[PDB]
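Report on the following structure.
Both ligands and their constituent atoms are indexed starting at 1 by order of listing. Order of the sequence lines sets the chain letters (A, B, ...), proteins ahead of strands, with each chain counted from 1.
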Amino acid sequence: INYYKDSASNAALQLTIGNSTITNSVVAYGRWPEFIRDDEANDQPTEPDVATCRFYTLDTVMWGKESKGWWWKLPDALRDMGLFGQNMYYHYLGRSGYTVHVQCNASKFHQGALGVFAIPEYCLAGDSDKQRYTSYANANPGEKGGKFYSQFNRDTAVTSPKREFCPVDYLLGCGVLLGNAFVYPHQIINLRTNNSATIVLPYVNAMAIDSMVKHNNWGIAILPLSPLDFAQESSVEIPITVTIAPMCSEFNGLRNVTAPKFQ
Amino acid sequence: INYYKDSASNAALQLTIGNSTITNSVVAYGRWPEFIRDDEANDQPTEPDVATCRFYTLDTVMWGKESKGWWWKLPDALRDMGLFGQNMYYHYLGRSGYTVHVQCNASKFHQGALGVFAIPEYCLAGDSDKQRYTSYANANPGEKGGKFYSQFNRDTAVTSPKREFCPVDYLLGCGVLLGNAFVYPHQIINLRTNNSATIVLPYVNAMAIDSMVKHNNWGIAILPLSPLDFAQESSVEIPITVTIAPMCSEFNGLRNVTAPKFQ
Amino acid sequence: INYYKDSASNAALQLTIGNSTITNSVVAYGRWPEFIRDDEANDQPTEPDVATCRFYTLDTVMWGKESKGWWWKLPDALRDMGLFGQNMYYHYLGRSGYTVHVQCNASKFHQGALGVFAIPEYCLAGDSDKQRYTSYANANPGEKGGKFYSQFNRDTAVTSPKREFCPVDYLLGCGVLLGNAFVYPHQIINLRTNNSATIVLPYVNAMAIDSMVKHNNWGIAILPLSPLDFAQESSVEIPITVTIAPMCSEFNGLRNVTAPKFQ
Amino acid sequence: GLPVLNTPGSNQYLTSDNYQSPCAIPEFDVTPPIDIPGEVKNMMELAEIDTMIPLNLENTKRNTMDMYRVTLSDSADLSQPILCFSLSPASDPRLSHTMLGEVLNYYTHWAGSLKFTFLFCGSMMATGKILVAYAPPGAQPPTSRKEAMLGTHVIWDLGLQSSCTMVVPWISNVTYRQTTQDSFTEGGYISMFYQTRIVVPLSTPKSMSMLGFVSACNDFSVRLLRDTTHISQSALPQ
Amino acid sequence: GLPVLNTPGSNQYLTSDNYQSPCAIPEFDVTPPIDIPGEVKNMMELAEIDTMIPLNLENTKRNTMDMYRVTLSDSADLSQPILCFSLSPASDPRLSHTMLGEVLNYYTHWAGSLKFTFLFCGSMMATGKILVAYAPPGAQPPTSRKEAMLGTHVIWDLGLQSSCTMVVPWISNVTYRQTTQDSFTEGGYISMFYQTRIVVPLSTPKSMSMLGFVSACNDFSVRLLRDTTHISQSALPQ
Amino acid sequence: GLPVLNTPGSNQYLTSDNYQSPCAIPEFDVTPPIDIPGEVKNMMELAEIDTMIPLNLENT
Amino acid sequence: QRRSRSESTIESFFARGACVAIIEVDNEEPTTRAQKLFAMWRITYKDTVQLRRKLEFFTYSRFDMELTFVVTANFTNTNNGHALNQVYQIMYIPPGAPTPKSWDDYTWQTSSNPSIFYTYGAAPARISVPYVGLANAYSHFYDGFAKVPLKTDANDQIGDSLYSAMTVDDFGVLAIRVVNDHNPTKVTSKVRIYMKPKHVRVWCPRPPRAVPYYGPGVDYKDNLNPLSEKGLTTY
Amino acid sequence: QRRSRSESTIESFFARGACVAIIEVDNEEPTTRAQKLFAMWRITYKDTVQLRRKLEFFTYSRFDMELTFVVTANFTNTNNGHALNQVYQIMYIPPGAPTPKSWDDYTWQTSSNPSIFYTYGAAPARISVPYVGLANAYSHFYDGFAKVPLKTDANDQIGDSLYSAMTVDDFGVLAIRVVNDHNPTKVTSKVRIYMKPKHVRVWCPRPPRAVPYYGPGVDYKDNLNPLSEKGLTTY
Ligand SMILES: CCO/N=C/c1ccc(OCC[C@@H](C)CCN2CCN(c3ccncc3)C2=O)cc1
Ligand SMILES: CCO/N=C/c1ccc(OCC[C@@H](C)CCN2CCN(c3ccncc3)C2=O)cc1
Ligand SMILES: N[C@@H](CCC(=O)N[C@@H](CS)C(=O)NCC(=O)O)C(=O)O
Ligand SMILES: N[C@@H](CCC(=O)N[C@@H](CS)C(=O)NCC(=O)O)C(=O)O
């Protein structure tokens, strides 16, 4: 029998989106993106349908024998993509899901394997003795993204510290073994079987809607699980491309435009 | 389950009154004055109908640029008004509600604002280091009332202390910020919109009936929220008048007349 | 809920009697004398009907200006009255109620007031430093009774202590203010209105029946509430008479006669 | 066994607590009671019994029989009061030691009406008229018949009736009054005056005595039991 | 007797506990209550009452009547704001000491919409138009009418109406906001600007005063009772 | 667990108390009784038996 | 509603624990001279005055009783070491039962007499007692004697008895001792007894005492001027 | 669901134990000079400011009370030995009842006054009290006097009384003593009293205090500049 009143006291193929078309997919946590429901809110939202929910292509990168990996942050990577960025900077609160498509083509005589991982609340480690001293500009590279490293290079500057991340490939840049990174939503591109990967990411956060400028909801990490090789050539390089499509995006809190200082 | 027997142990327009007529109103706490009910009493009461429930006009005051405010106490202000005062002094117990009407007229080229506040159990601060040393005579000025001040002037007399109040305008004379005085029943007279104010005060006290001589039930405070001005003249003065009508008055405990010593 | 078995543990005109006739009455505690009931006893009782239930008249006393009061004890005062005393001394256990009649006559030009009080378990104070040292003979004066005093006269004898009571009029002889003596059954004789008093006393005791020799059940106290006066004469004296009638008397425990030593 | 949690107040002794305790003499044959006259159920029953008032507390008369008597005469000043006191049942010296006052001194709050009685003990040939007045608090205590008559007053004729009774009703701002002296719970004043005078014929006493009694009515109640100041102790028995 | 087992937390005193205790005055006749005007059931009822805002907290005007007045004139710079503050009901100095702020300082979390009122105390012959704007957080605080108009703004006509009301609705990422200063729970900004200007005729004052009031709406709630910082003590009474 | 409050008299030993206590020899096969002549139910039964009186208590 | 008389009842008037006895007991090395190793107290309520005065409002009474014991101990010196927690024994001796002559005699076996063993530092001890009056009600006042002198008596002392006394030994006594042996340092202790009547019935109300008590009886010696001065015509 | 106002109720707002009194009591050998053997505290909530400020939000109130007592003891020296566990007595003296003049006078018999006996080291003591107001509600603020001077008064002191005071002695006092006798070493102790209102009703809300309290009344002496500086057009 419970005595106290409070409960706490109780003892215990082609995909077309908007005006864009790309020619199996993985759905994160088995949850498709959806709009906010009437039983959860905090004014009239602004919900663009086709002016923002479309595929945007990022800058192509090059994969060689010495490449260690790449990473991007969302919605940071799309801050300068058409009207999506304008709505992001003109509103205090934003929400959206994503569709990520990774393209990399090779021949039958090439070999290699890429692992793509989608990580919620992807926090990276610094490059100095000081803790949590990374700057906003360095933590939001944009569409260019960042790269991984095979060793921890401590910053020796004392007058003008860099205040940058120092990810480590085999620690996933956060102090966890890479082998377990498959616990996150993931895809594998093996050159002998396939040449592309697709993932669908719903909106994940402790709040229904949150600011897009000061908080990044998703991180994308691409790492070479097996080194690239071709016949018996000494040097090999192939392009890797990334495309991202926002889905079911909502904005609220219209006011003057935000102008962050990126360097 | 409760074990102990005692409950305490349990765990937790023209208005005409009498022969007087005056030509929106505010009702304090949404309660109209009423007589005592049969389910609450302690002899035959005396309940004058028209000989005491009528409008009495107090002395007019002058409002200028340097005026800081005025205050009155009820039923003290009506101690010498017709038969109401006689009944007050001929009976041990009294009860009554009030209707207060404040009149102040100006032109369209004047500007200013008056705040009128009705305060139950309005206690004022002294003017000396000694605590609660104010005299009865000084605490009951009568129909003349008192005035506010902008600073605390400590009494330096040691032989013949004045024993008087020292109200401060921005502290409401009781140590509370004036901005919150609107929590009490209140009215605002703005010269550009209206020229009069009306309030209705029911009987409020911890007891159904109480003595009128040694206890004052209500206080009236008038303060200038905005300074008075007229065109570009250096000096401006206008009259302010106050009228009070008792309502539903009861008296009990007939005996010889009381003669307080006012100086 | 009670846990323990024991309850203690539970948490909390002419009046004719016999061959005598006397020509309003007061009944003590509103209880008329009655015989013992079958539901309370401890042999065959002896219950005289007319040989003992009749009026006996005591010795007359004199009331003057300096008189302070008189007192008697019952059944002590009737120890030598006809067959009642014989039955009292021939039996171990006795029980009885009483009717007391006080007579005092004066003229219309006299003035005064007498207070008569019937006291159960009337215990009086001693006249020495020693406590409870009063003798049996002094505590049972008989039909003569005793008198009150206006001051406490300590006995200075050290060789042959008197061992007598020293009642004080204003303390009722027991350390209690006389003004409250009206809590007991009482009568007032005011010479301007009446000339006689009557009281009826039922049997009162912690036991149904008790010995009459070693225990007195009632005490009678007569005190002058107002001094006696007549015209402008210096000395005034009038007689006061007392009559007592036993009622519903029972006796038990027949054996040889008791002969107490009274001096 | 059964899980339990001890709360504040455990292992304390409160003199006013009401709990069960074990019995040291189990299986005791209690003596049955009998019907004894004079059973009392409530203490207020004692306060309803009239008792004399020591009206005269002068230096040479207090603690003496004469303190219960008030003198009256045919040659007294008719413009001066006969007696005067205050309606303080438990704190006034003339009322504190009465049975009502003794009961009240064991309680902190009281409320209700009172009954006063006056008995005239003169000769049958004496005649006169008296005025007994009660004045609620707030004004000057009465000093003359003109002021007293404005209150609650009764006129008493000695010749026709030898006793008079006046009921002081309950009138107060607070629901209960304190039993101690306090100006915020003052009760009023009681006064007496001559109406015409005492008249006597020849060969009759010219001086007489009067007595007073007080009691509580059926609408009397008390609160907040407390110890009294009328009994003290200095040394424990050895 | 009954087997029992004592658990952790026994014989401790928690100031927020709710247990039963014995009564020291059993059988007390409580005075019945009466219907007194002004009964209050919830503290939020006090937060719904409008109270003045000390908008002007300058060095020579704070702690003085003039701190409740904002000056307006017909010769003022139309390109500069009239007043500006932040939507911090409990930490902003201009809002902390209001009744809403006083109530909030006793609680740790708050949520709900707000209502602001502005009263114009000029002459009847004065005319003008004003713009009152609220901007959610995230961007630079507005410094001009062009930036302010992009937010939630209301236009007020002095001549037709002497009072204006603007409702700031609830918009936040978190369900509740802290009552202390914190950039993660920032509320926004409030600004005012001239729309056209103050226009007056001849023989009329060219300067006037304006007053401000704030209150909470019916959708306002608080959490996590806590002590306030507005009252302190240094020495206990002797 | 269940809130409780300790009252006066806790942890005291009264020789006349009547409470339950644990058994130190659980599951004991008690020997059944038999009908023995002379059973006594009340002490007063002994007071009803006549006995001689030492009437003569002289020194010798 | 209307005012009630709930708190003026007899039960409420006596629903309070009143001290009736303070008793001293010491623990130290036994010696030839007099000591306070064990104490005996005669049961009564006339040692104190407050409860006595409250009870004397009536002539006859009938009630059960609740007794509470509070024990407080202390040292006397500092250079003789310390002591361990002590255990106190309280035994009720009715009339006719043997009385102890030492702190460790056979009488403490309490084969039939009830006893309480109290451990220092625990809650105050408590017990309840029923009405144990020989008659149908207790007699606060008794106007009589226990013996009557007779003419045939050889001497006057045969029939001599105290006035207003029923029995010499009534209700027995309470014997208090310290069970523990003596430590090298003396330890003193006081036991306070508090009494509360329960299920109270009373008969024959009487006026209350007005002068200081003097002895078990109604005798008065000093302070016979209770009332104070006051003017006849003074408010 | 939607946000609720459960914790903003009057009951929740006052459902906390607030300290209202710190009282000092000492145990040592009695001497001619002044000592702290027993202490008396006048009951009120104006000694502290937090509960006073919370209650002064309203003009009239009506509630029951819960009181809790926490006792902490300590030594003062080291060369006078030690002491055994002490017992504390707390007695409530209503107006009109006799007050003690010594730590061991008859007034401690508490025949009718309620009392608490507390053993050191046990759980903090606790009691509950009902509404004991003479009127229908407590009056936090009183604008009046207890006496009115009259023209016929002989002197001006007859009608002189303090402003905003109903009764001089209200609600009685609490007397605290140490029952134990004095050990050779002095022992000091502090009793902290915590009050919690229950079943609370309030009337006539008022603005809260803005300047430091000065006396039982509404007087103010110093620190009359509460607000701080801030720019008119500064966010
Ligand atoms: C193991 C120890 O526990 N035993 C305790 C105990 C306590 C009280 C017991 O009874 C003692 C007698 C009481 C019922 C009170 C006797 N009263 C009532 C009447 N009375 C009295 C005294 C003097 N004059 C008249 C009446 C008393 O003193 C018996 C045993
Ligand atoms: C054995 C000891 O236990 N007795 C404890 C006890 C505790 C409190 C008791 O009541 C004291 C009065 C309280 C109900 C609070 C009085 N209040 C309420 C109104 N008030 C106050 C004070 C100053 N100005 C206005 C109102 C107060 O101080 C009575 C007995
Ligand atoms: N430090 C001061 C006493 C401090 C004190 O009494 N503080 C009060 C308020 S100023 C308090 O609330 N004390 C809480 C406590 O320490 O129990 C001294 O002993 O001189
Ligand atoms: N101070 C005295 C003893 C005081 C005493 O025993 N007082 C009695 C009544 S006169 C009492 O009631 N004491 C209460 C107590 O201190 O426990 C002494 O030791 O010489």
I'd like to know if [X] pairs up with [Y] as an ion pair, taking the criterion as any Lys NZ or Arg NE/NH1/NH2 lying under 4.0 Å from an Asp or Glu carboxylate oxygen.
| X | Y | value |
| --- | --- | --- |
| H:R206 | H:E56 | no |
| G:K190 | G:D26 | no |
| H:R52 | H:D47 | no |

Residue-ligand contact G:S61/ligand 1, heavy atom below 4.0 Å: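 Heavy atoms of G:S61 never come under 4.0 Å of ligand 1.
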
Which residue and non-hydrogen atom of the protein lie closest to [atom], and at what distance in Å?
| atom | value |
| --- | --- |
| atom 17 (N) of ligand 1 | G:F171 CE1, 3.7 Å |
| atom 16 (O) of ligand 4 | H:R177 NH1, 2.9 Å |
| atom 13 (C) of ligand 1 | G:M65 CE, 3.7 Å |
| atom 8 (C) of ligand 4 | D:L236 CD1, 3.8 Å |
| atom 17 (O) of ligand 4 | G:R192 NE, 2.6 Å |
| atom 5 (C) of ligand 4 | H:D104 O, 3.5 Å |
| atom 9 (C) of ligand 1 | G:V129 CG1, 3.9 Å |

Under 4.0 Å from any heavy atom of [X], which atoms of ligand 1 are there?
| X | result |
| --- | --- |
| G:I43 | 11 (C) |
| G:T44 | 28 (O) |
| G:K46 | 23 (C), 24 (N) |
| G:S115 | 1 (C) |
| G:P114 | 1 (C) |
| G:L67 | 7 (C), 8 (C) |
| G:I90 | 1 (C) |

Closer than 3.5 angstrom, by distance alone: can the side chain of [X] be matched with the main-chain N or O of [Y] as a donor-acceptor pair?
| X | Y | value |
| --- | --- | --- |
| D:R226 | H:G96 | yes |
| H:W108 | H:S102 | yes |
| D:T229 | H:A97 | no |
| H:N113 | D:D227 | yes |

Nearest candidate to atom 20 (N) of ligand 1, where distance is taken over non-hydrogen atoms, out of G:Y45, G:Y138, G:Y92: G:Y45

Between G:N136 and D:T31: side-chain donor-acceptor atoms closer than 3.5 Å: no

Mutual orientation of the aromatic rings belonging to H:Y142 and D:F184 [parallel < 30°, tilted 30-60°, perpendicular > 60°]: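 The arrangement is perpendicular - the two ring planes meet at more than 60°.
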
Parallel, tilted or perpendicular: rings of G:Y118 and G:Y88 (30°, 60°):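 Plane angle between 30° and 60°, so tilted.
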
Test item: protein heavy atom less than 4.0 Å from atom 20 (O) of ligand 4: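 Flag for atom 20 (O) of ligand 4 set to false, no protein heavy atom closer than 4.0 Å.
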
Rounded distance [0.5 Å steps], CD1 in G:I116 versus OG in F:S16: 7.5 Å

Check whether NZ of the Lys or CZ of the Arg [X] lies under 6.0 Å from the centre of the six-membered ring of [Y] and within 45 degrees of that ring's axis.
| X | Y | answer |
| --- | --- | --- |
| G:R177 | G:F38 | no |
| D:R223 | D:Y176 | yes |
| H:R192 | H:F69 | no |

At a 4.0 Å threshold, what atoms of ligand 4 neighbour a non-hydrogen atom of [X]?
| X | value |
| --- | --- |
| H:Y106 | 9 (C), 12 (O) |
| H:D105 | 11 (C), 12 (O), 13 (N), 14 (C) |
| G:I22 | 13 (N), 14 (C), 15 (C), 17 (O) |

Which segment of G:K190 sits under 4.0 Å of ligand 4 when only heavy atoms are counted: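 Near ligand 4, G:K190 shows nothing, with every heavy atom at 4.0 Å or more.
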
Proximity of D:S234 to ligand 4 by residue part, where a heavy atom lies under 4.0 Å: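 D:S234 to ligand 4: backbone contact only, side chain stays beyond 4.0 Å.
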
Which segment of G:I127 sits under 4.0 Å of ligand 1 when only heavy atoms are counted: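 G:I127 to ligand 1: side-chain contact only, backbone stays beyond 4.0 Å.
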
Proximity to ligand 1 by part of G:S139, non-hydrogen separation under 4.0 Å: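 Contact part for G:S139 vs ligand 1: backbone (N, CA, C, O).
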
